[PDB]
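Report on the structure given below.
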Amino acid sequence: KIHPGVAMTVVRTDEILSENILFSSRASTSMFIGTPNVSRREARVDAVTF
Amino acid sequence: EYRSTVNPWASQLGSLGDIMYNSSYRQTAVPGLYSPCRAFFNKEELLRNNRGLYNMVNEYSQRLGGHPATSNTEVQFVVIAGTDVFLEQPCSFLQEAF
Amino acid sequence: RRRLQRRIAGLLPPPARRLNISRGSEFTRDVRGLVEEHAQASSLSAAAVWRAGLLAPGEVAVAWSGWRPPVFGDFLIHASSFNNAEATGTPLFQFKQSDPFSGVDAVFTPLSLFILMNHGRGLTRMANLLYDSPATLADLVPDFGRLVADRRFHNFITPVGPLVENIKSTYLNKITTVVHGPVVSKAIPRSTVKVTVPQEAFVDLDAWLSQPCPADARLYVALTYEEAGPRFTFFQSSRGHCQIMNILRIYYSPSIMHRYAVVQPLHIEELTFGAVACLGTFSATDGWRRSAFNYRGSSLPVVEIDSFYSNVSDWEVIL
Amino acid sequence: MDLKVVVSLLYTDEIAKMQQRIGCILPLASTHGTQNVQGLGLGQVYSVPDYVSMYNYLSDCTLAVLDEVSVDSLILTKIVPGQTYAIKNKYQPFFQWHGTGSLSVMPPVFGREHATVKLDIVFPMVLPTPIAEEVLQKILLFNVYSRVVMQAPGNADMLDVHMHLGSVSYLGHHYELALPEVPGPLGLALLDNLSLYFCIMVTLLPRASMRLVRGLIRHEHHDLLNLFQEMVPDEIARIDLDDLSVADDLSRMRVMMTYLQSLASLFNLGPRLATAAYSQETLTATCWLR
């Protein structure tokens, strides 16, 4: 426990689990909702996969 | 304004703080650990905010901040999933520490 | 035994292989029942689902025909390792990573597969324009130099077939690829997809020779081992696998003695001159229409094989 | 199309030991509706073990992943090259699978008691292709190296053949093998005649090579490579005998040709399954016959 020839600056980081507040004004965007579309994508002998 | 630097072992271009920390950050590095001081030394990231102010505020919020750390794990690994993690970090926005 | 007649009436009639038309102008309901194939995508209502007949077991039937439904390979890749400006129909190559548990795989377009061969030593301009840094790709293969050196690069890369779906995520990209079956895009306007192979890496083998014209002309990908680093070439042929290794040995006949003359194979593992693999079949008539691929800056020539049936195979070594 | 095969025949321990294996496969005797008990997997071929006939029986007859097991019936589905299926890796030598790797089916080499259910039923081993060729090489050379030290103990050491054959390595998964430390001479084991095939073709390959190279060089020049690759072997095996009985040399060439073709079809790993989306969470794999 003696001092070396140099000094050091530790640098860390910290996680702060906050709880944020989203505000957004009235009628900001105009969203375009499409009609949903289903499709079979994998058809093996035991279970089809939609 | 009364001195150039407070240390000449990290503020220089070929200094020790650039040698042992600043290489280009890759997601697919074989160690893959997260060093928290790499956000102050990356030459690409130090001029990633060379764009205008509003076009910096758009990209700070639109995508995740550069050089983030994974939570909910034992040791702080660098991000590779990016799926369910969401975090705003000023450290890649103002380039200082507290 | 009378319910047996109802079950066999539900089971008997195949789709009509022949139909006596009188005129094409009338367009009868019988020839419409011939020419109609049930779809694969419909709106999310009971009427549209029952009309498209998705809920029928095995194959689609409203309330077997020589068609096989495709299978889709689901791959998670890093967003840096892939370029989102890629075309849809481009054949990819999953590299088997050496960790026990990965989660994230590693795929390569032949543009991206070029820059693993380039560094350490037109097409290359576009390749270096797409991916800026090879070092973010050359660590996906952890030991590329050793694996090329002992000639075990063919058994660690398996082909995966062309891409169909590429969502534009920010960190971990999920792409979908057809490892087997009819390559057809999964888009809500169902549009066709053309397998694109860059032109300088795709040398034809029918016209390289220059009468029985078959239907299925296969597409062979070929890894070879060169002194200038390995190469990934693509071969179209209308012949058999037995024919394709003989004619590919004849095609590589200068290159084997080139690699032998510049470097003596001092050990036993340097004898293998790479391997080939059948990527699947397509029609020999309207195959390989030439087109172009434009990035923001430049444009390279690229072949466009249309209506590809992807079917990978194991690696057959060339010697 | 209809695909089920209902084989009619159990009790609670049999119910348990069959319900553990509700996703594995086994071969059949026929592609028909109802079958007897004997027509199930590998019962009539593994009870003296021999790899070549077991591979012939596994490639000859069809294959079937089983689905359900009742008290008296086993509803199982045969696999046809038309459509796709789903299988699980529920085998006693446990090898972790991967995505889009070709799966092979080999006859069980790691002991009858490992891959069986005693009521009989013997399931074949399902494990991916590079591990398959790796463990095939590592049991072939294990049989050869054990037989030479049972012949002459000064040739090789038993510990030296065991640091490289008692383990395989694929993709970081460093597995281990169950090797028979006492095989017993004069054959009588598993892989007892395939090594006996390998040694005969290795023995007869120089006698084929000299006759074949000398037979083609008077066919003056079709290519360079009939004479280019004369420099790459050693000169000792080049000028070996060059005088033998033509009938005896003909029989030696024919015997090495048939033993080369059978061993070459066998070293092709067999009925290759092509998986697409393995998930180690559910231990399932979407595969099809290829």
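Residue numbers start at 1 in each chain; chains themselves are named A, B, ... in the order of the structure tokens; ligands are numbered from 1 in the order shown.
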Near residue 97 (chain B), within 10 Å and counting only C-alpha atoms, which residues show up once chain neighbours fewer than 4 positions away are dropped, as a ChimeraX atom specification? /A:11-13 /B:37,40,90-91
Please run DSSP on the backbone and report, as an MDAnalysis selection string, all residues within region 101-186 of chain C that come out as alpha helix (DSSP H). chainID C and resid 110:118 123:130 144:149
Residues just named, written with N, CA, C and O atoms as a PDB file, in the first residue's frame:
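Heads up, here's the output in selection-v7.pdb:
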```
ATOM      1  N   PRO C 110     -23.335 -13.315 -51.444  1.00  0.00           N
ATOM      2  CA  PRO C 110     -22.085 -13.451 -52.204  1.00  0.00           C
ATOM      3  C   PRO C 110     -21.360 -12.137 -52.423  1.00  0.00           C
ATOM      4  O   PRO C 110     -20.158 -12.157 -52.712  1.00  0.00           O
ATOM      5  N   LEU C 111     -22.044 -11.002 -52.305  1.00  0.00           N
ATOM      6  CA  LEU C 111     -21.333  -9.737 -52.200  1.00  0.00           C
ATOM      7  C   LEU C 111     -20.565  -9.661 -50.889  1.00  0.00           C
ATOM      8  O   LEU C 111     -19.384  -9.303 -50.870  1.00  0.00           O
ATOM      9  N   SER C 112     -21.220 -10.010 -49.779  1.00  0.00           N
ATOM     10  CA  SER C 112     -20.535 -10.020 -48.493  1.00  0.00           C
ATOM     11  C   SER C 112     -19.547 -11.167 -48.395  1.00  0.00           C
ATOM     12  O   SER C 112     -18.537 -11.056 -47.695  1.00  0.00           O
ATOM     13  N   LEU C 113     -19.813 -12.270 -49.090  1.00  0.00           N
ATOM     14  CA  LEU C 113     -18.858 -13.365 -49.116  1.00  0.00           C
ATOM     15  C   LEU C 113     -17.621 -13.026 -49.929  1.00  0.00           C
ATOM     16  O   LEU C 113     -16.599 -13.699 -49.785  1.00  0.00           O
ATOM     17  N   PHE C 114     -17.693 -12.004 -50.780  1.00  0.00           N
ATOM     18  CA  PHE C 114     -16.526 -11.607 -51.554  1.00  0.00           C
ATOM     19  C   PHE C 114     -15.493 -10.914 -50.679  1.00  0.00           C
ATOM     20  O   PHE C 114     -14.288 -11.151 -50.825  1.00  0.00           O
ATOM     21  N   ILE C 115     -15.939 -10.063 -49.752  1.00  0.00           N
ATOM     22  CA  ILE C 115     -14.989  -9.273 -48.978  1.00  0.00           C
ATOM     23  C   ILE C 115     -14.329 -10.058 -47.860  1.00  0.00           C
ATOM     24  O   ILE C 115     -13.389  -9.551 -47.241  1.00  0.00           O
ATOM     25  N   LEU C 116     -14.784 -11.276 -47.576  1.00  0.00           N
ATOM     26  CA  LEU C 116     -13.968 -12.150 -46.748  1.00  0.00           C
ATOM     27  C   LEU C 116     -12.791 -12.706 -47.528  1.00  0.00           C
ATOM     28  O   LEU C 116     -11.752 -13.022 -46.942  1.00  0.00           O
ATOM     29  N   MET C 117     -12.938 -12.834 -48.843  1.00  0.00           N
ATOM     30  CA  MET C 117     -11.858 -13.331 -49.678  1.00  0.00           C
ATOM     31  C   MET C 117     -10.922 -12.221 -50.125  1.00  0.00           C
ATOM     32  O   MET C 117      -9.746 -12.480 -50.397  1.00  0.00           O
ATOM     33  N   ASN C 118     -11.428 -10.992 -50.219  1.00  0.00           N
ATOM     34  CA  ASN C 118     -10.637  -9.906 -50.785  1.00  0.00           C
ATOM     35  C   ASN C 118      -9.545  -9.453 -49.829  1.00  0.00           C
ATOM     36  O   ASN C 118      -8.381  -9.314 -50.223  1.00  0.00           O
ATOM     37  N   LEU C 123     -17.321  -5.596 -59.651  1.00  0.00           N
ATOM     38  CA  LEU C 123     -17.907  -6.332 -58.538  1.00  0.00           C
ATOM     39  C   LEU C 123     -17.308  -5.883 -57.214  1.00  0.00           C
ATOM     40  O   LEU C 123     -18.033  -5.643 -56.242  1.00  0.00           O
ATOM     41  N   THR C 124     -15.980  -5.752 -57.164  1.00  0.00           N
ATOM     42  CA  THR C 124     -15.317  -5.403 -55.914  1.00  0.00           C
ATOM     43  C   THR C 124     -15.583  -3.962 -55.509  1.00  0.00           C
ATOM     44  O   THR C 124     -15.607  -3.659 -54.311  1.00  0.00           O
ATOM     45  N   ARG C 125     -15.831  -3.076 -56.476  1.00  0.00           N
ATOM     46  CA  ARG C 125     -16.177  -1.698 -56.151  1.00  0.00           C
ATOM     47  C   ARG C 125     -17.535  -1.628 -55.473  1.00  0.00           C
ATOM     48  O   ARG C 125     -17.692  -0.960 -54.446  1.00  0.00           O
ATOM     49  N   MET C 126     -18.519  -2.347 -56.015  1.00  0.00           N
ATOM     50  CA  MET C 126     -19.836  -2.401 -55.392  1.00  0.00           C
ATOM     51  C   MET C 126     -19.784  -3.118 -54.050  1.00  0.00           C
ATOM     52  O   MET C 126     -20.480  -2.728 -53.103  1.00  0.00           O
ATOM     53  N   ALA C 127     -18.932  -4.141 -53.938  1.00  0.00           N
ATOM     54  CA  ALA C 127     -18.822  -4.886 -52.690  1.00  0.00           C
ATOM     55  C   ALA C 127     -18.229  -4.030 -51.580  1.00  0.00           C
ATOM     56  O   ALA C 127     -18.741  -4.024 -50.456  1.00  0.00           O
ATOM     57  N   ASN C 128     -17.169  -3.283 -51.880  1.00  0.00           N
ATOM     58  CA  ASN C 128     -16.616  -2.362 -50.901  1.00  0.00           C
ATOM     59  C   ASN C 128     -17.468  -1.118 -50.716  1.00  0.00           C
ATOM     60  O   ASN C 128     -17.308  -0.425 -49.709  1.00  0.00           O
ATOM     61  N   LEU C 129     -18.368  -0.817 -51.653  1.00  0.00           N
ATOM     62  CA  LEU C 129     -19.295   0.285 -51.450  1.00  0.00           C
ATOM     63  C   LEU C 129     -20.436  -0.100 -50.524  1.00  0.00           C
ATOM     64  O   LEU C 129     -20.907   0.738 -49.748  1.00  0.00           O
ATOM     65  N   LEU C 130     -20.889  -1.351 -50.585  1.00  0.00           N
ATOM     66  CA  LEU C 130     -21.979  -1.785 -49.721  1.00  0.00           C
ATOM     67  C   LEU C 130     -21.517  -1.901 -48.278  1.00  0.00           C
ATOM     68  O   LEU C 130     -21.995  -1.180 -47.397  1.00  0.00           O
ATOM     69  N   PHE C 144     -10.529 -17.394 -39.764  1.00  0.00           N
ATOM     70  CA  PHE C 144     -10.707 -17.551 -41.198  1.00  0.00           C
ATOM     71  C   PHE C 144      -9.436 -18.053 -41.857  1.00  0.00           C
ATOM     72  O   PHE C 144      -9.494 -18.859 -42.794  1.00  0.00           O
ATOM     73  N   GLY C 145      -8.282 -17.591 -41.373  1.00  0.00           N
ATOM     74  CA  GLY C 145      -7.026 -17.947 -42.005  1.00  0.00           C
ATOM     75  C   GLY C 145      -6.662 -19.403 -41.803  1.00  0.00           C
ATOM     76  O   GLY C 145      -6.199 -20.068 -42.734  1.00  0.00           O
ATOM     77  N   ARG C 146      -6.888 -19.921 -40.594  1.00  0.00           N
ATOM     78  CA  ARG C 146      -6.641 -21.336 -40.341  1.00  0.00           C
ATOM     79  C   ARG C 146      -7.610 -22.204 -41.127  1.00  0.00           C
ATOM     80  O   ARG C 146      -7.194 -23.180 -41.760  1.00  0.00           O
ATOM     81  N   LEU C 147      -8.889 -21.822 -41.143  1.00  0.00           N
ATOM     82  CA  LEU C 147      -9.920 -22.628 -41.787  1.00  0.00           C
ATOM     83  C   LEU C 147      -9.739 -22.667 -43.298  1.00  0.00           C
ATOM     84  O   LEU C 147     -10.020 -23.686 -43.936  1.00  0.00           O
ATOM     85  N   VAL C 148      -9.264 -21.571 -43.884  1.00  0.00           N
ATOM     86  CA  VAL C 148      -8.895 -21.605 -45.291  1.00  0.00           C
ATOM     87  C   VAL C 148      -7.609 -22.398 -45.471  1.00  0.00           C
ATOM     88  O   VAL C 148      -7.449 -23.137 -46.452  1.00  0.00           O
ATOM     89  N   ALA C 149      -6.711 -22.327 -44.485  1.00  0.00           N
ATOM     90  CA  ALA C 149      -5.391 -22.933 -44.627  1.00  0.00           C
ATOM     91  C   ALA C 149      -5.455 -24.455 -44.614  1.00  0.00           C
ATOM     92  O   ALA C 149      -4.734 -25.110 -45.371  1.00  0.00           O
TER      93      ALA C 149
END
```
How close does region 73-191 of chain C get to region 80-96 of chain D? List, as JSON lines, each residue of region 73-191 of chain C within 12 Å, its nearest atom pair and the distance in Å to one decimal, counting only C-alpha atoms.
```
{"residue": "C:99", "atom": "CA", "partner": "D:96", "partner_atom": "CA", "distance": 12.0}
{"residue": "C:100", "atom": "CA", "partner": "D:96", "partner_atom": "CA", "distance": 8.6}
{"residue": "C:101", "atom": "CA", "partner": "D:96", "partner_atom": "CA", "distance": 9.6}
{"residue": "C:180", "atom": "CA", "partner": "D:84", "partner_atom": "CA", "distance": 10.3}
{"residue": "C:181", "atom": "CA", "partner": "D:83", "partner_atom": "CA", "distance": 10.1}
```
Smallest atom-to-atom distance to chain A: which of C:268, C:107, C:49, C:35, using only C-alpha atoms?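 Residue with the minimum atom-to-atom distance to chain A: C:49.
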For a quick test of understanding: name the residues of chain A lying within 12 Å of chain C when counting only C-alpha atoms, and present them as a PyMOL selection string. chain A and resi 34-50
Restricting it to C-alpha atoms, dump the selection as a compact mmCIF listing (two decimals), in the first residue's frame.
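Ended up saving to result-v1.txt:
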```
# COMPACT_ATOMS: atom_id res chain seq x y z
CA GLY A 34 -54.67 -1.62 -42.99
CA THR A 35 -57.02 -4.53 -43.02
CA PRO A 36 -55.41 -7.59 -41.36
CA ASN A 37 -54.19 -10.43 -43.55
CA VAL A 38 -53.68 -14.01 -42.42
CA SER A 39 -51.44 -16.44 -44.27
CA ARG A 40 -50.33 -20.03 -43.81
CA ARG A 41 -46.55 -20.01 -43.56
CA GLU A 42 -45.54 -23.55 -42.52
CA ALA A 43 -47.59 -26.68 -43.19
CA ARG A 44 -46.05 -29.81 -41.72
CA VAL A 45 -48.00 -32.99 -41.06
CA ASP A 46 -48.56 -32.36 -37.34
CA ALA A 47 -49.52 -28.68 -37.11
CA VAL A 48 -50.01 -25.94 -39.65
CA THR A 49 -48.43 -22.62 -38.69
CA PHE A 50 -50.33 -19.45 -39.51
```
